[PDB]
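Heads up: the structure comes next, in structure tokens.
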Ligand SMILES: O=C(O)C(=O)Cc1c[nH]c2ccccc12
Ligand SMILES: O=C(O)C(=O)Cc1c[nH]c2ccccc12
Ligand SMILES: [Mg+2]
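Chains as they are written, first to last, in the working numbering: chain P, 356 to 559; chain V, 57 to 258.
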């Protein structure tokens, strides 16, 4: 029974993870009207208010209007740099003269819990844009594991000490209801996201 | 000099960071902020002076926005199935079409062929490219999102060649510093020179 739903997600989730999961679902159920888009948190919330999307994946809880925030799992953060010293990295050991300031508030807030970095020359509000600067040796960053895995060779990806994490949320309007097929997708999405993150977290 | 440049996702995957890198190695006297957004959002943030510059594939003259035509971006057909070689728009399997939503890319495609409603709609370039990589469907996309995400045998020229225009947007009532305008000139030159070289390869 053909159901129509729109999923919006953060850019770091749209690079590979969400397309992979949507693919696995699309193959075992083709009669669908599936719309996917990647947006920043603020846009995701407004498009949810305006019923332009039905589901949003963020790293921030929200309780405005009728939006229900469901905690799916915890996303590990990693230090990324074009340097060939391997092993974990303490946040206090990071060279602040090469720091690229992130734009993800949750990422920033989590980093600010352990260290506040001063104003710098490069500020990058989109994960894959920051990763390209790291790839070219321009600077270093702390990012989610997904944007690091997708864009960087493993020699550039380092665990942080102490471990750092941020929460992954599925946002959904309460009063806007979903079809039976759509709720099946939501369950599948949440289980897959939790299982993948369960593994990744154990690897770190 | 502090300025914020917004750009489309396909331009942020590698092109704009490369050019910003080459500029920021030769000029450290600057506070550069970079973000990737959809056209709609880029325009609003430009209206509200939240960003100073936007790279789009669409002219805009609403409000105070001035559009500068930089270059033409070649469009390509992407599909892991279709064997290597150029592809006519009429020969496209519309059963496996991934709709790019509603933007300038779609309008440009609609000028030559209208594709019916389909099961997969993907409003973000790199998300569509991942579906192509997994064999799920095919698309027409800009060369940058195809080069960055796909191996070359998945990237096909279109017949007849299709292109879409690249624009730098700027508010008219927005004065920018000397260093910032130097970056703008460098950015426009590099974007044209790179596109000139890509277009000759196609
Ligand atoms: O805006 C994006 O691309 C995001 O998904 C948030 C984000 C995740 N990791 C980052 C690293 C640097 C800047 C933004 C992000
Ligand atoms: O850069 C983006 O993500 C855009 O909005 C434009 C776009 C370029 N190539 C595409 C392929 C599928 C959907 C949108 C685009
Ligand atoms: Mg994006």
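Heads up, the beta-carbon is just placed ideally off N, CA and C, and yes, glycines get one too.
Proximity of residue 476 (chain P) and residue 88 (chain V) at Cβ, strictly below 8 Å
As a first step, residue 476 (chain P) is located in the first chain; it is residue number 121 there, counting from the start. As a first step, residue 88 (chain V) is located in the second chain; it is residue number 32 there, counting from the start. Result yes, Cβ atoms of residue 476 (chain P) and residue 88 (chain V) sit closer than 8 Å.
Under 8 Å, with one C-beta from each stretch per pair, do the stretch 498 to 518 of chain P and the stretch 482 to 489 of chain P reach the 3-pair mark?
yes
Excluding the five sequence neighbours on either side, which residues of its own chain have a C-beta within less than 7 Å of the C-beta of residue 446 (chain P), listed in chain order?
As a position in the first chain, residue 446 (chain P) is number 91, starting the count at 1. Excluding positions up to five away in sequence, the list reads 469, 470, 515.
Can you pull out the residues from the stretch 473 to 500 of chain P whose beta carbon lies closer than 7 Å to at least one beta carbon of chain V?
476, 477, 478, 479, 480, 481, 483, 484, 487, 488, 491, 493
So with Cβ pairs under 8 Å, would you call residue 92 (chain V) a contact of chain P?
Here residue 92 (chain V) refers to the residue found at position 36 when the second chain is read from its first residue. Yes, because at least one Cβ of chain P sits closer than 8 Å to the Cβ of residue 92 (chain V).
Selected residue, minimal CA-CA separation from residue 524 (chain P), among P:558, P:461, P:539
Locating residue 524 (chain P) in the first chain gives position 169, where the first residue counts as 1. With distances taken between Cα atoms, residue 524 (chain P) lies closest to P:461.
Could you list the residues in the stretch 380 to 408 of chain P with a C-beta less than 8 Å from some C-beta on chain V, going in chain order?
381, 382, 385, 386, 387, 388, 389, 390, 391, 392, 393, 394, 395, 398
Quick one: grab the DSSP three-state call for residue 116 (chain V).
In the second chain, the residue the question calls residue 116 (chain V) occupies position 60. Of the three classes helix, strand and coil, the one that applies to residue 116 (chain V) here is coil, per DSSP.
Nearest-angstrom Cα separation, counted from residue 372 (chain P) out to residue 444 (chain P):
Taking the first residue of the first chain as position 1, residue 444 (chain P) is located at position 89. Taking the first residue of the first chain as position 1, residue 372 (chain P) is located at position 17. Roughly 26 Å between the two C-alpha positions.
Name the chain V residues whose beta carbon is nearer than 9 Å to that of residue 374 (chain P)?
Here residue 374 (chain P) is taken as the residue at index 19 of the first chain, counted from 1. Result: 178, 182, 183, 184, 185, 186, 187, 189, 190, 192.
For residue 427 (chain P) versus residue 549 (chain P), is the C-beta spacing smaller than 8 Å?
In the first chain, counting from the first residue as 1, residue 427 (chain P) sits at position 72. In the first chain, counting from the first residue as 1, residue 549 (chain P) sits at position 194. For residue 427 (chain P) and residue 549 (chain P), yes; Cβs fall inside 8 Å.
May I ask which residues mark the beginning and end of the beta strand (DSSP E) holding residue 360 (chain P)?
Within the first chain, residue 360 (chain P) is the residue found at index 5, counting from 1. Start and end: 358 to 364.
Report yes or no: is there a C-beta of chain V within less than 8 Å of the C-beta of residue 523 (chain P)?
Taking the first residue of the first chain as position 1, residue 523 (chain P) is located at position 168. Not one chain V Cβ lies under 8 Å of residue 523 (chain P).
I'd like the list of long-range same chain contacts for residue 418 (chain P), defined as Cβ closer than 7 Å, with 5 residues on each side in sequence excluded.
Against the first chain, residue 418 (chain P) aligns to sequence position 63. Once the five neighbours on either side are set aside, the close Cβ partners of residue 418 (chain P) are 424.
Between residue 135 (chain V) and ligand 2, is the CB less than 7 Å from at least one heavy atom?
Position 79 of the second chain holds residue 135 (chain V). No, the beta carbon of residue 135 (chain V) sits no closer than 7 Å to any heavy atom of ligand 2.
Given this structure, state the Cα-to-Cα distance separating residue 451 (chain P) from residue 511 (chain P), to the nearest angstrom.
By one-based count along the first chain, residue 451 (chain P) stands at place 96. By one-based count along the first chain, residue 511 (chain P) stands at place 156. Computed Cα separation, rounded: 17 Å.
In angstroms, rounded to a whole number, what distance separates the CA positions of residue 403 (chain P) and residue 220 (chain V)?
Counting from one through the first chain, the residue named residue 403 (chain P) turns up at place 48. Counting from one through the second chain, the residue named residue 220 (chain V) turns up at place 164. Going from the Cα of residue 403 (chain P) to the Cα of residue 220 (chain V) covers about 31 Å.
Mind listing the chain V neighbours of residue 458 (chain P)? Cutoff is C-beta to C-beta under 7 Å, in chain order.
Here the question's residue 458 (chain P) lines up with position 103 in the first chain. Chain V residues near residue 458 (chain P): 91.
Could you work out which residues of chain P lie near residue 236 (chain V), taking near to mean beta carbons separated by less than 9 Å?
One-based indexing of the second chain puts residue 236 (chain V) at position 180. In chain order: nothing, as chain P lies at least about 13 Å away.
When you check each C-beta in the stretch 413 to 442 of chain P against every C-beta of chain V, which residues fall closer than 9 Å?
none
Along chain V, in chain order, which residues have C-beta atoms closer than 7 Å to that of residue 378 (chain P)?
By one-based count along the first chain, residue 378 (chain P) stands at place 23. Result: 187, 190, 192.
Beta-bridge pairing of residue 498 (chain P) - partner residues as DSSP gives them
Translated into the one-based positions of the first chain, residue 498 (chain P) becomes position 143. For residue 498 (chain P), which the question treats as bridged, DSSP gives the partners P:433.
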